[PDB]
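This document contains two forms of one protein chain, each encoded as structure tokens and listed individually as structure 1 and structure 2.
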Structure 1
């Protein structure tokens, strides 16, 4: 089993949104990256276009610039080509611009002494006259390009607004995708939780499972957002920028491409050390919180003993290590993060300057400052997301383990497959036959528990702790399987039917009335969605006094906005639910170790209302309020020590006498 394989298989769902987002992001990235390419053109061809040769031509009007004498036209803007014609240049020396009205054979170092521009470059090609371009003249030679200056600018502007939309959508789409996947995930998880054996929740706490449902799936949501909004976007932005660099230049693009291994090694070592430095602060802060919590509820005991001042010792023993590893993480951050980003950025400036100077002005030519500017912008865009990339790469492991946890929950095969209800009332003829139930292995807890409760209700099971009284309830609802013997209802084997069918015959009023958050009416109905008016009837029949206090319990009355009130009223609601659902068989796993005063009196008044007309199992331990039971059974050692009526055990003495002797 691989976490990534199932993550990909889950991403394949909702693939339409993912493809839409990926393509929108790709086009937005391309549109944006085309901006610095527009800037390069708008610099090199317009601002730096003056350097191109000029020809004496008043013919191409509306674009032929006018000197103090004749009018001139650019080389590539020559709409009526005249070939050589009259060669002229506009050279730059320091800040001054100088017009040369004659052909030039070489370019290089430019020197002006007395209006005689000299270009030698160690060759002394010639000496040429010159004229200072003044100020208005320089502007006149710049006006022809102004229109283009505007045009490309608008283009830039346009794309920007364009990209904005194509930048919004994709992100939003990605969000939906991830979230929806999580939703899917959650559903499946919960579904699989309703197919889980009760053993699962018996050998596991509620907090763990709820965390494995919600918090883990939130971690997986963050994992998907990390993978998509960071790695995919960053990779697309790298591919586009590198492509643009390769179109601009090759060798400089080879230098820029030489940084990917740098990011690889940076990320590798940063993760290798940050795993240490972050595990050893998460664990230590967990220890810190555990120590602080274990030493706050004992403010009455820690104070009144010799440890009010000894807690500091072992705490600080932990805390100095916590702070030491915090500082170690700070050191690792200092040797990386924005610092290495800026180091690489300055190295990139050095690479640009070195390449251009050594390969362009060593030969005294082939300089494109538009390429320089585009490279500068491209590398500024490139060097933004490296820190986030490395941070997320380091963080990925906790999301990996959480996804693995959810996959293990979603993957194990030991589950119960059922869902079929019943279609009749069983009449409560439950029978047992030498059931030999073992919980873990070899250590049997029930020893041939054989009996047959007739339609006559109140087969009380009062016995010893650690005997199997609760095992009876567990096997009755098939929460566990006996692994031997047999159980029947009207002669039908329990282990040859469906669990939902079986539990559709029998109800339960547990010792702890479960008061699900919400309205009392739904609570008693347990949100059945199949009873409408019987709920209020079956409640008022016994707790008719309670509605007299405030509003209507069915009418969204809310005394249960704190997971409830009086425990008697709490057990009364449980009784009302059991009656409304109206099972054939009825089990009362009543455990009242601390009876709440005389409130139990009405509780008994409720019991007699429900126990009648059924097959009731009262797993009590009072042996006084159940003296009318049709068949008392006493359970010790895991075997039925004694059985009989309320009076047949008094004559025979035995375990029932032993317990009732502690009257």
Structure 2
């Protein structure tokens, strides 16, 4: 596998949305980067149009300017009509504009002595009579260019709004692709969780399972947002900007393309150092939090033993280390990031000045101030996202590891393939055939456990701690497989029926009643969606006193949102019992190894049991060996092996382990 391959595979779903967003982004990028090109055409053609040659023309001619008594028209606007000799000019010397009503051979260093214009290009070309264009007269050489300027400005505004609309569209659709990919991934992971062995959950803290389901998926969401919004966006943006640069000028575009390696190397080095500094900051900050936590919870021993000086000293060691690494990170972020950005911008200004000043000194009339302005704007646009790019590049690793975690969870091979409930009742019978159960390997926890239970209920299974009673419970529900022997429910091997089919018969009541957040009715019903108003089944358990105590537990009250802590432990057990009765199972199992008694609540619990055991095969792993006084068949477990097998009276008539326990 690989997390990149898996992420691409999950993106291929919603590839359609991704393509939509990318095309919208390309439209926006083009309709954006075209803006600076309008300015290049609003300067080189309109403002610097006066710099182009003029020819004499008649007054009737359109776009012809009357300087003194002669109408002149630009060469570019000249077109077919009035194509003749006797050209004019409007040169620029210092801050003044000078008319040359005559042809000029070359161009170069322009000087005006007195009504004269001497242009030198290293050979003192010639001198020509010059007139001054004042302010009004020069403006008249500009008035023809006002309308094209208006058109270009309107084009700029329109393309701005159009590109803006498509920018919003592309960003929204990229976010939609990311969120939908993440939602699908979460659904897949949780579904894969429901098909995992109870071994996985037993050998792994819940907070880690919840973490891998949700927090790592949120990390994947952050990674997708990063990639789509930063890397792809900026890559296409840079591609467009370089296209525009090569449209404007090729050599300067190459000089600009000489910064892609700059970005790559900046990213490499900044990551190389920032990963280390950030990992140290993270570990030391976690250590500081752990220290503060343990000192807060435990301070009575920090003070009762006068360990305050030493704990403060250790905390200060961690604080000094944290401060030192923060300052190292600051030094890195100062040698790099916005400072290097500005330095590169100024190097860009230097390169522009060098290139254009040299081109001018060549005296080839290739100044093209519009090209320079567009290049300045394009470089300013190009430099904008570098800092974000390097930050994301450095931060990618956390998302990489989170993705690895979630994908390892997804790609587990050992899973349970089931989901077929039971379509007929069990009738309540179960048998064991020397089932040899070993949790990990070799070490057996239930050796040759062989017993048979009939429709008669109240089958007690007692013994010392760590004897195998909960292992029996696990084997009954197929949470684990006995890997030997067989268990037959109503004569049918449990290994030959779907786990859902099996569990459709047997209810469970445990020491810690799981009260899922919700209503009391939803707690009894487990939001099964099939349980009608059958909460009277709770009234069978004799809860009745409590529904009167509380508002309306029958699907209208919600005192379980707090995990039922406000409710008594007896009430929690009674709710679990009500759930068991409401689901109306056939092979009930009771794991009540709780050594505690929960004074007098046992009383109602006993009553509750008296209303459920009827018409089932009630296994009871309750303690005190007193609730099981009348149980149809007791069974003492020790060493993972049934040693004494008989009724209460029979066992008490043979001494042994059961008699010993009874006395205690």
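If you superpose the two forms and keep the largest set of C-alpha atoms that fall within 1.5 Å, you have the rigid core. Residue numbers count along the first chain shown, from 1.
Enquirer: If you fit the two forms on their rigid core, which residue out of 155, 164, 398, 540 shows a CA shift of at least 2 Å between structures 1 and 2?
Expert: Everything else stays below 2 Å; the exception is 540.
Enquirer: At a 2 Å cut-off on C-alpha positions, does residue 59 qualify as shifted between structures 1 and 2 after fitting the rigid core?
Expert: Where the cores coincide, residue 59 still shows a C-alpha shift between structures 1 and 2 that is 2 Å or more.
Enquirer: After superposing the rigid core, is the C-alpha displacement of residue 411 2 Å or more between structures 1 and 2?
Expert: No, shifts by less than 2 Å.
Enquirer: Once the core is superposed between structures 1 and 2, does residue 85 show a C-alpha displacement of at least 2 Å?
Expert: Superposed on the core, residue 85 moves its C-alpha 2 Å or more between structures 1 and 2.
Enquirer: Rigid-core fit: what Cα movement does residue 359 have between structures 1 and 2, in Å to one decimal?
Expert: Between its two positions, the C-alpha of residue 359 lies 2.6 Å apart after core fitting.
Enquirer: Keeping the rigid core fixed, what distance in angstrom separates the two C-alpha positions of residue 650 between structures 1 and 2?
Expert: Between its two positions, the C-alpha of residue 650 lies 1.0 Å apart after core fitting.
Enquirer: Residue 12: how big is its Cα shift between structures 1 and 2, in Å, with the core superposed?
Expert: Residue 12 is displaced by 0.2 Å at its C-alpha.
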